[PDB]
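A lone chain, given as C-alpha coordinates: the form solved without this ligand.
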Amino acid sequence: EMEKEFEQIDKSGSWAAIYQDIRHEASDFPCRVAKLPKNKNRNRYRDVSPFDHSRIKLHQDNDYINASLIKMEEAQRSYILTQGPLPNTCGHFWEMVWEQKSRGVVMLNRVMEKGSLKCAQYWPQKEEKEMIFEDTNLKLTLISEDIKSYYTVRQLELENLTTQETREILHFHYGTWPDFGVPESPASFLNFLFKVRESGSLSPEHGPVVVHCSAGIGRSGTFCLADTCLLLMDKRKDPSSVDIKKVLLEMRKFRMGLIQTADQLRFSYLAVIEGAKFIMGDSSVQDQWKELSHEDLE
(Lines give C-alpha, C1' and ligand atoms only; values in the text may rest on other atoms or scores of the structure.)
Protein backbone atom coordinates (compact mmCIF):
# COMPACT_ATOMS: atom_id res chain seq x y z
CA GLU A 1 0.00 0.00 0.00
CA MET A 2 1.28 3.39 -1.07
CA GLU A 3 0.88 5.37 2.15
CA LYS A 4 2.82 2.82 4.22
CA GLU A 5 5.52 2.35 1.56
CA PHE A 6 5.82 6.12 1.09
CA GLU A 7 6.18 6.79 4.83
CA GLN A 8 8.87 4.09 4.96
CA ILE A 9 10.96 5.55 2.12
CA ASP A 10 10.93 9.01 3.74
CA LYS A 11 11.68 7.57 7.19
CA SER A 12 14.79 5.86 5.77
CA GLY A 13 15.70 8.62 3.31
CA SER A 14 16.04 6.16 0.45
CA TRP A 15 14.29 7.83 -2.48
CA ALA A 16 17.58 7.95 -4.42
CA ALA A 17 18.13 4.22 -3.90
CA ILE A 18 14.53 3.39 -4.84
CA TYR A 19 14.95 5.50 -7.98
CA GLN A 20 18.19 3.96 -9.32
CA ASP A 21 16.64 0.61 -8.62
CA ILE A 22 14.09 1.61 -11.25
CA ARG A 23 16.79 3.03 -13.56
CA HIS A 24 18.70 -0.26 -13.36
CA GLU A 25 15.68 -2.50 -14.10
CA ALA A 26 14.15 -0.33 -16.84
CA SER A 27 13.79 -1.92 -20.27
CA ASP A 28 16.38 -1.44 -23.00
CA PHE A 29 15.15 -1.57 -26.59
CA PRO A 30 16.75 -0.39 -29.85
CA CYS A 31 16.26 3.08 -31.28
CA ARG A 32 17.86 2.51 -34.67
CA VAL A 33 15.55 4.75 -36.73
CA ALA A 34 16.00 7.67 -34.34
CA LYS A 35 19.80 7.30 -34.70
CA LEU A 36 19.80 7.27 -38.53
CA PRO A 37 21.93 10.15 -39.85
CA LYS A 38 19.01 11.60 -41.82
CA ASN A 39 17.13 12.04 -38.53
CA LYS A 40 19.74 13.78 -36.39
CA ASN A 41 18.14 17.24 -36.81
CA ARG A 42 14.73 15.79 -35.83
CA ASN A 43 15.97 15.00 -32.28
CA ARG A 44 16.21 17.70 -29.66
CA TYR A 45 18.44 15.71 -27.26
CA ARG A 46 21.13 13.23 -28.27
CA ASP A 47 20.26 10.96 -25.35
CA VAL A 48 16.42 11.01 -25.59
CA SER A 49 15.12 8.75 -28.39
CA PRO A 50 11.97 6.70 -29.03
CA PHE A 51 12.21 2.92 -29.16
CA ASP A 52 11.61 1.54 -32.64
CA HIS A 53 8.84 -0.79 -31.44
CA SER A 54 6.67 1.98 -29.95
CA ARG A 55 7.55 5.04 -32.02
CA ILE A 56 4.80 7.01 -33.75
CA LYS A 57 5.19 6.86 -37.52
CA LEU A 58 4.03 9.77 -39.70
CA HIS A 59 2.10 8.84 -42.88
CA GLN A 60 4.51 10.58 -45.25
CA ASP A 61 8.73 10.29 -47.38
CA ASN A 62 10.45 10.26 -43.95
CA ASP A 63 8.17 8.90 -41.23
CA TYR A 64 10.35 9.74 -38.21
CA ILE A 65 9.26 11.85 -35.26
CA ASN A 66 10.62 11.75 -31.69
CA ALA A 67 7.40 10.47 -30.11
CA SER A 68 6.35 7.26 -28.36
CA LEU A 69 3.00 5.49 -27.91
CA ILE A 70 2.67 4.53 -24.24
CA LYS A 71 -0.10 1.93 -24.39
CA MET A 72 -1.24 1.01 -20.85
CA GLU A 73 -3.05 -2.26 -21.55
CA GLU A 74 -4.42 -2.89 -18.07
CA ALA A 75 -5.48 0.74 -17.49
CA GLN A 76 -6.96 0.90 -21.03
CA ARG A 77 -5.46 4.33 -21.73
CA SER A 78 -2.77 5.28 -24.22
CA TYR A 79 -0.69 8.42 -24.35
CA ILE A 80 1.71 9.93 -26.86
CA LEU A 81 4.86 11.30 -25.24
CA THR A 82 7.03 13.52 -27.40
CA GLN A 83 9.81 16.09 -27.23
CA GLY A 84 9.05 19.78 -27.59
CA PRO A 85 8.95 20.30 -31.37
CA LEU A 86 11.92 21.93 -33.07
CA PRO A 87 11.64 24.76 -35.65
CA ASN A 88 11.78 22.17 -38.46
CA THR A 89 9.44 19.60 -36.82
CA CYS A 90 6.41 21.73 -35.96
CA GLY A 91 4.67 20.48 -39.10
CA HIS A 92 5.47 16.87 -38.16
CA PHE A 93 4.07 17.47 -34.68
CA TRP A 94 0.70 18.66 -35.97
CA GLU A 95 0.62 15.95 -38.64
CA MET A 96 1.01 13.42 -35.84
CA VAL A 97 -1.80 15.12 -33.88
CA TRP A 98 -3.99 14.97 -36.96
CA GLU A 99 -3.15 11.40 -37.96
CA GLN A 100 -3.51 10.07 -34.41
CA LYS A 101 -6.88 11.91 -33.90
CA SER A 102 -5.69 13.41 -30.61
CA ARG A 103 -8.03 15.96 -29.05
CA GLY A 104 -5.72 17.33 -26.36
CA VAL A 105 -2.12 18.47 -26.09
CA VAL A 106 -0.52 18.75 -22.64
CA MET A 107 2.53 21.05 -22.51
CA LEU A 108 4.43 20.90 -19.23
CA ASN A 109 7.29 23.32 -20.05
CA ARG A 110 7.78 26.91 -21.10
CA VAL A 111 9.29 27.87 -24.44
CA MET A 112 12.19 29.51 -22.61
CA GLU A 113 13.56 27.88 -19.50
CA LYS A 114 16.64 28.63 -17.61
CA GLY A 115 18.24 30.70 -20.38
CA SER A 116 17.58 28.30 -23.26
CA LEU A 117 14.95 27.56 -25.89
CA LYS A 118 13.31 24.30 -24.79
CA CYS A 119 10.44 24.24 -27.30
CA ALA A 120 9.63 25.89 -30.60
CA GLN A 121 6.70 28.31 -30.67
CA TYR A 122 4.48 25.77 -32.39
CA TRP A 123 1.00 27.33 -31.79
CA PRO A 124 -0.21 30.86 -32.59
CA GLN A 125 -0.18 33.46 -29.84
CA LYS A 126 -2.74 35.77 -31.52
CA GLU A 127 -6.12 34.94 -33.08
CA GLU A 128 -5.42 37.17 -36.10
CA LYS A 129 -2.05 35.46 -36.89
CA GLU A 130 -2.80 31.88 -37.82
CA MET A 131 -0.01 29.46 -38.76
CA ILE A 132 0.34 27.36 -41.90
CA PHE A 133 2.77 24.46 -41.92
CA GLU A 134 3.59 24.31 -45.62
CA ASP A 135 5.29 20.93 -45.55
CA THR A 136 2.37 19.00 -43.98
CA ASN A 137 -0.37 21.28 -45.39
CA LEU A 138 -2.12 22.09 -42.10
CA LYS A 139 -3.47 25.38 -40.75
CA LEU A 140 -3.62 26.27 -37.07
CA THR A 141 -5.73 29.05 -35.54
CA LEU A 142 -5.89 30.28 -31.96
CA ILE A 143 -9.60 30.42 -31.14
CA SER A 144 -9.49 31.51 -27.47
CA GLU A 145 -7.48 31.09 -24.28
CA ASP A 146 -8.33 30.91 -20.56
CA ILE A 147 -5.31 32.21 -18.63
CA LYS A 148 -5.11 31.09 -14.99
CA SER A 149 -2.39 32.04 -12.49
CA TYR A 150 -0.02 29.15 -13.25
CA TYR A 151 -1.42 27.47 -16.38
CA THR A 152 -3.35 28.32 -19.52
CA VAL A 153 -6.00 26.44 -21.52
CA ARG A 154 -6.27 27.25 -25.23
CA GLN A 155 -8.77 26.25 -27.89
CA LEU A 156 -7.10 25.81 -31.27
CA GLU A 157 -8.59 24.99 -34.66
CA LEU A 158 -6.51 22.52 -36.67
CA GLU A 159 -7.41 22.37 -40.35
CA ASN A 160 -6.20 19.89 -42.92
CA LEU A 161 -6.01 22.15 -45.94
CA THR A 162 -6.17 19.17 -48.29
CA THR A 163 -9.63 18.03 -47.13
CA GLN A 164 -10.66 21.31 -45.40
CA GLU A 165 -11.82 19.24 -42.44
CA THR A 166 -11.29 21.06 -39.13
CA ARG A 167 -10.91 19.88 -35.53
CA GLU A 168 -10.86 21.53 -32.12
CA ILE A 169 -7.64 20.80 -30.19
CA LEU A 170 -7.41 21.78 -26.52
CA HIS A 171 -3.98 22.93 -25.31
CA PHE A 172 -3.18 22.51 -21.59
CA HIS A 173 -0.06 24.53 -20.76
CA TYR A 174 1.46 24.17 -17.31
CA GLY A 175 3.56 27.27 -16.69
CA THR A 176 5.20 26.72 -13.27
CA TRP A 177 6.80 23.24 -13.43
CA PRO A 178 10.61 23.60 -13.44
CA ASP A 179 12.66 21.25 -15.57
CA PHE A 180 14.05 18.41 -13.43
CA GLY A 181 11.77 19.72 -10.69
CA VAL A 182 8.31 19.13 -9.23
CA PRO A 183 5.03 21.11 -9.19
CA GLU A 184 4.55 23.55 -6.35
CA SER A 185 2.06 21.24 -4.62
CA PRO A 186 -0.01 18.11 -5.20
CA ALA A 187 -3.04 20.39 -5.29
CA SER A 188 -1.75 22.49 -8.15
CA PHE A 189 -0.71 19.36 -10.07
CA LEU A 190 -4.01 17.61 -9.46
CA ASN A 191 -6.09 20.71 -10.15
CA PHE A 192 -4.40 20.82 -13.57
CA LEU A 193 -4.65 17.06 -14.21
CA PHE A 194 -8.37 17.13 -13.46
CA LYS A 195 -8.85 20.05 -15.86
CA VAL A 196 -7.40 17.79 -18.58
CA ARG A 197 -9.60 14.90 -17.43
CA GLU A 198 -12.73 17.02 -17.45
CA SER A 199 -12.14 18.32 -20.95
CA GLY A 200 -12.91 14.92 -22.42
CA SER A 201 -9.41 14.87 -23.93
CA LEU A 202 -8.56 11.53 -22.26
CA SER A 203 -11.72 9.75 -23.50
CA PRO A 204 -11.17 6.49 -25.42
CA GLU A 205 -13.48 7.99 -28.11
CA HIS A 206 -10.48 10.16 -29.13
CA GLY A 207 -6.93 9.39 -30.13
CA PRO A 208 -4.24 9.39 -27.43
CA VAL A 209 -3.60 12.67 -25.66
CA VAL A 210 -0.25 14.20 -26.66
CA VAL A 211 1.99 14.94 -23.66
CA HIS A 212 5.27 16.80 -23.92
CA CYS A 213 7.77 18.87 -22.06
CA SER A 214 11.18 19.67 -23.55
CA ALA A 215 12.55 16.11 -23.71
CA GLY A 216 9.20 14.34 -23.19
CA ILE A 217 10.29 12.04 -20.36
CA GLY A 218 10.67 13.86 -17.01
CA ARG A 219 7.69 16.08 -16.33
CA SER A 220 5.84 14.14 -19.04
CA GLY A 221 6.52 10.82 -17.31
CA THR A 222 5.42 12.21 -13.94
CA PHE A 223 2.10 13.39 -15.41
CA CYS A 224 1.31 10.08 -17.10
CA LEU A 225 2.36 7.92 -14.14
CA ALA A 226 0.04 9.84 -11.81
CA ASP A 227 -2.88 9.77 -14.25
CA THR A 228 -2.50 6.06 -15.02
CA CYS A 229 -2.18 5.12 -11.33
CA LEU A 230 -5.35 7.05 -10.47
CA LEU A 231 -7.24 5.47 -13.38
CA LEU A 232 -6.17 1.93 -12.36
CA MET A 233 -7.30 2.67 -8.82
CA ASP A 234 -10.54 4.18 -10.16
CA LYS A 235 -11.37 1.06 -12.21
CA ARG A 236 -10.83 -1.29 -9.24
CA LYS A 237 -12.02 1.18 -6.56
CA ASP A 238 -9.06 -0.09 -4.52
CA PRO A 239 -6.10 2.19 -3.79
CA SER A 240 -4.02 -0.57 -2.21
CA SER A 241 -3.97 -2.61 -5.44
CA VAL A 242 -1.79 -0.06 -7.30
CA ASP A 243 1.97 -0.76 -7.47
CA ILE A 244 3.37 2.60 -8.62
CA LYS A 245 6.88 1.33 -9.32
CA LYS A 246 5.58 -1.54 -11.42
CA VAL A 247 3.38 0.90 -13.34
CA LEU A 248 6.40 3.11 -14.03
CA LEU A 249 8.44 0.13 -15.16
CA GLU A 250 5.59 -0.89 -17.48
CA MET A 251 5.54 2.62 -19.01
CA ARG A 252 9.33 2.57 -19.54
CA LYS A 253 8.84 -0.42 -21.83
CA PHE A 254 7.41 2.17 -24.27
CA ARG A 255 9.74 5.17 -23.76
CA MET A 256 13.12 5.47 -22.05
CA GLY A 257 13.85 7.61 -19.04
CA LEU A 258 10.30 8.38 -17.84
CA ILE A 259 10.70 10.39 -14.62
CA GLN A 260 14.14 11.93 -14.38
CA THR A 261 14.71 12.44 -10.63
CA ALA A 262 14.00 10.67 -7.38
CA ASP A 263 12.02 13.70 -6.26
CA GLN A 264 9.75 13.46 -9.31
CA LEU A 265 9.18 9.84 -8.26
CA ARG A 266 8.48 11.02 -4.72
CA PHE A 267 6.03 13.64 -6.00
CA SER A 268 4.21 11.02 -8.10
CA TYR A 269 3.49 9.12 -4.90
CA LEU A 270 2.22 12.34 -3.27
CA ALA A 271 -0.11 13.14 -6.16
CA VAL A 272 -1.58 9.62 -6.33
CA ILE A 273 -2.11 9.36 -2.57
CA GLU A 274 -3.84 12.73 -2.54
CA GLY A 275 -5.82 11.98 -5.71
CA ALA A 276 -7.03 8.72 -4.16
CA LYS A 277 -9.26 10.82 -1.87
CA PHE A 278 -11.27 12.03 -4.87
CA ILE A 279 -11.27 8.58 -6.48
CA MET A 280 -12.66 6.90 -3.38
CA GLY A 281 -15.65 9.27 -3.25
CA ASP A 282 -14.65 12.51 -1.48
CA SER A 283 -15.73 14.79 -4.35
CA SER A 284 -15.25 18.00 -2.34
CA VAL A 285 -11.46 17.60 -2.37
CA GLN A 286 -11.40 18.74 -6.03
CA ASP A 287 -12.67 22.22 -5.21
CA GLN A 288 -10.20 22.19 -2.32
CA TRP A 289 -7.37 21.64 -4.82
CA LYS A 290 -8.73 24.53 -6.86
CA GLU A 291 -8.35 26.78 -3.79
CA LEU A 292 -4.89 25.59 -2.69
CA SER A 293 -3.59 26.00 -6.25
CA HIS A 294 -4.46 29.75 -6.31
CA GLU A 295 -5.40 29.45 -9.98
CA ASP A 296 -7.73 32.46 -9.72
CA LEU A 297 -5.05 35.02 -8.81
CA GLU A 298 -2.99 37.84 -10.40
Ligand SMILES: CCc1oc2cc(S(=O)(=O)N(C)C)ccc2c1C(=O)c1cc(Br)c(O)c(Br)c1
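Just count from 1 along the sequence shown to find any residue number.
* Sequence continuity check, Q60 and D61 (deposited residues unmodelled) -> The entry has 1 to 3 unmodelled residues between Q60 and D61.
* To do: Look up the CA B-factors in the entry and say which stretch, 156 to 164 or 188 to 196, has the higher mean.
  => Stretch with the higher mean C-alpha B-factor: 156 to 164.
* To do: Select between 133 to 141 and 224 to 232 the stretch whose C-alpha atoms have the higher average B-factor in the entry.
  => Per the deposited B-factors, the answer is 133 to 141.
* From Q260, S241, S54, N66, pick the one with the largest CA B-factor in the entry? -> If I rank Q260, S241, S54, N66 by C-alpha B-factor, first place goes to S241.
* If you rank the chain by CA B-factor, which third does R44 end up in: lowest, middle or highest? -> Its C-alpha B-factor, which the entry lists for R44, ranks in the lowest third among residues of this chain.
* **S203 - which third its CA temperature factor falls in, relative to the rest of the chain** => Within its chain, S203 is a highest-third residue by C-alpha B-factor, going by the deposited values.
* Asked: Of the three thirds of its chain by CA temperature factor, lowest, middle or highest, which one includes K253?
  -> Its C-alpha B-factor belongs to the lowest third of this chain's values.
* Asked: Going by what the PDB entry lists, where does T89 fall on CA B-factor within its chain: lowest, middle or highest third?
  -> Ranked within chain, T89 CA B lands in the lowest tercile.
* Would the CA B-factor of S149 place it in the lowest, middle or highest third of its chain? -> Highest third, going by the recorded CA B-factors of the chain.
Omitted from view is the form deposited with this ligand bound, to which the following refers.
* To do: Check whether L190 has any heavy atom within 4.5 Å of a heavy atom of this ligand in the entry with it bound, and answer yes or no.
  => Yes - in the entry with it bound, heavy atoms of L190 and this ligand come within 4.5 Å of each other.
* Just give me the residues of 197 to 231, first to last, that have a heavy atom within 4.5 Å of this ligand in the entry with it bound. => Residue within 4.5 Å: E198 only.
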